[PDB]
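Trainee: Quick one: the structure is below, and I'll ask about it shortly.
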Amino acid sequence: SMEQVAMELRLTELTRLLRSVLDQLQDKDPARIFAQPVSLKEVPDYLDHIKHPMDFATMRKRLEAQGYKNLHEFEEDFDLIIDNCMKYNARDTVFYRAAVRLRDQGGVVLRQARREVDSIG
């Protein structure tokens, strides 16, 4: 149908905008702490602690399959990255601190993203 195509074009354009958001958030992680999944070879107990691991490469795979239907879904995954880290790592660690700084800096980007998603529809 033509309606199905129009819906698909909307999803494609959301995917465009989420890719730009993802790039901007990942620049706020210059140490690349959140770039890849926590290695289960190197942290063998991780899944005992963290039930839904997340990282920027995993988000990018979902994004490129157009697997985010709305900004809420994308933010859910970003918040997992931060929240998983702040639970597994203690306050005094470079990991925890990196997450706090990513959260704080990403907030600004996500605030305007929400306006753009609503604005463009």
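Letters A, B, ... go to the chains of the structure tokens in the order shown; residues in each chain start at 1; ligands are counted from 1 in the same order.
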Report as a PyMOL selection string all protein, DNA and RNA residues lying within 10 Å of residue 10 in chain A, evaluated on only C-alpha atoms, omitting residues in the same chain fewer than 4 positions from it.
Mentor: chain A and resi 4-6+14-16+69+120-121
Trainee: Would you kindly return, as a PyMOL selection string, each protein, DNA or RNA residue with an atom no farther than 7 Å from any atom of range 36-39 of chain A, considering only C-alpha atoms and excluding same-chain residues fewer than 4 positions away?
Mentor: chain A and resi 43+54-57
Trainee: Please produce a file of those selected residues containing C-alpha atoms, as a CSV table (one decimal), in the first residue's frame.
Mentor:
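The resulting file, again-v8.csv, is reproduced below:
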```
chain,number,residue,atom,x,y,z
A,43,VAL,CA,34.0,-10.4,33.1
A,54,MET,CA,23.9,-2.7,26.3
A,55,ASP,CA,26.6,-0.8,24.4
A,56,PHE,CA,26.9,1.5,21.4
A,57,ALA,CA,27.8,-1.2,18.9
```
Trainee: Just want the 10 Å neighbourhood of residue 19 in chain A, counted on only C-alpha atoms, with same-chain residues fewer than 6 positions away dropped. Output as an MDAnalysis selection string.
Mentor: chainID A and resid 13 25 59:60 63:64
Trainee: Near residue 52 in chain A, counting only C-alpha atoms, which residues have an atom at most 9 Å away, once you skip same-chain residues fewer than 4 positions from it, shown as an mmCIF file with C-alpha atoms, in the first residue's frame?
Mentor:
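File written: selection33.cif
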```
data_model
loop_
_atom_site.group_PDB
_atom_site.id
_atom_site.type_symbol
_atom_site.label_atom_id
_atom_site.label_comp_id
_atom_site.auth_asym_id
_atom_site.auth_seq_id
_atom_site.Cartn_x
_atom_site.Cartn_y
_atom_site.Cartn_z
ATOM 1 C CA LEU A 47 25.253 -11.610 33.513
ATOM 2 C CA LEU A 80 20.758 0.860 29.900
ATOM 3 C CA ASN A 84 24.241 -0.956 33.916
#
```
Trainee: Write down as a ChimeraX atom specification the residues belonging to chain A that are assigned helix (DSSP H, G or I) by DSSP computed on the backbone.
Mentor: /A:2-27,46-49,56-64,71-88,94-120
Trainee: Select from range 18-65 of chain A every residue with an atom at most 7 Å from any atom of range 86-106 of chain A, then for each give the shortest pair of atoms and their distance in Å to one decimal, using only C-alpha atoms, rows by chain and rising number, as CSV.
Mentor:
```
residue,atom,partner,partner_atom,distance
A:25,CA,A:106,CA,5.6
A:28,CA,A:102,CA,5.7
A:29,CA,A:102,CA,6.4
A:49,CA,A:88,CA,6.9
```
Trainee: With C-alpha atoms retained, export the selected residues as a CSV table (one decimal), in the first residue's frame.
Mentor:
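Saved the output as result-v4.csv:
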```
chain,number,residue,atom,x,y,z
A,25,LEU,CA,26.2,10.7,22.2
A,28,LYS,CA,30.6,12.2,24.6
A,29,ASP,CA,32.5,8.9,25.3
A,49,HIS,CA,24.8,-8.8,37.8
```
Trainee: Looking at only C-alpha atoms, which of A:32, A:83, A:41, A:71 is the one that sits closest to residue 117 in chain A?
Mentor: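 Closest to residue 117 in chain A, using only C-alpha atoms: A:71.
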